[PDB]
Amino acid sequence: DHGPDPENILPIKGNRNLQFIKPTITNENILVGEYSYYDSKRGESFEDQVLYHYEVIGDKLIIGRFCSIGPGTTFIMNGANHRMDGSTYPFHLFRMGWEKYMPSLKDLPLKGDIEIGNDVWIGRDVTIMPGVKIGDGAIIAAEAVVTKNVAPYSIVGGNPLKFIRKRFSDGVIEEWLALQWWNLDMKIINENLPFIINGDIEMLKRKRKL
């Protein structure tokens, strides 16, 4: 039964910055898998990096397992976008008679949920824009502004987002996607950790036989 307790908020002794995300969550519509961590700058909670997240819009932030999320990473949800049909000025916010110009959901340029897969490495000070989907095993370069979807096992960076490269061949990627090591039982993961780390996919497929 090796490995840390995923219910541990601070799984590293002496370290007051790095947090397992899941057991810190208190707000709704934030769904984060076990072992995924946030390496905070100064002890701030992961939740406070999630911005413009309003119940009435009801968009969700979804993050898988074994993700590495760097310090200062922020998640921009759908509340951040104004109506763009005419004036972008949010008259309704100021009330005093203007509250009747409250936008309907259909009026807003909603983009849907932010969905981050498993085993994703997000660099320092990354900004994630509304509705973005990030595939399994992707790597987001430091200081990136993720303005569009990211394919699984690809490396991207920049502002706006640029494609850097695929981590592996298309065939190897499909093998990792078929395997889904993150969904294996922890006992199986533990026994297979050397191959998960060194990327020996062919070996994992053999252990795959049972």
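Residues carry their position along the shown sequence, with the first being 1.
Taking the mean C-alpha B-factor of each stretch as recorded, 138 to 146 and 54 to 62 are not equal, and the higher mean is that of 54 to 62.
Stretches compared: 4 to 12, 199 to 207. Higher mean C-alpha B-factor in the entry: 199 to 207.
Comparing C-alpha B-factors across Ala151, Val32, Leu179, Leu161 in the deposited entry, the largest value falls on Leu179.
Among all modelled residues in its chain, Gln49 ranks in the lowest third by Cα B-factor.
When all modelled residues of the chain are sorted by CA temperature factor, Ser169 is found within the highest third. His82: CA B factor in the lowest third of modelled residues in this chain (values from the PDB entry). The entry lists a Cα temperature factor for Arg124 that places it in the lowest third of the chain's modelled residues.
Among the modelled residues of its chain, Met96 has a C-alpha B-factor that falls in the highest third, as given in the PDB entry.
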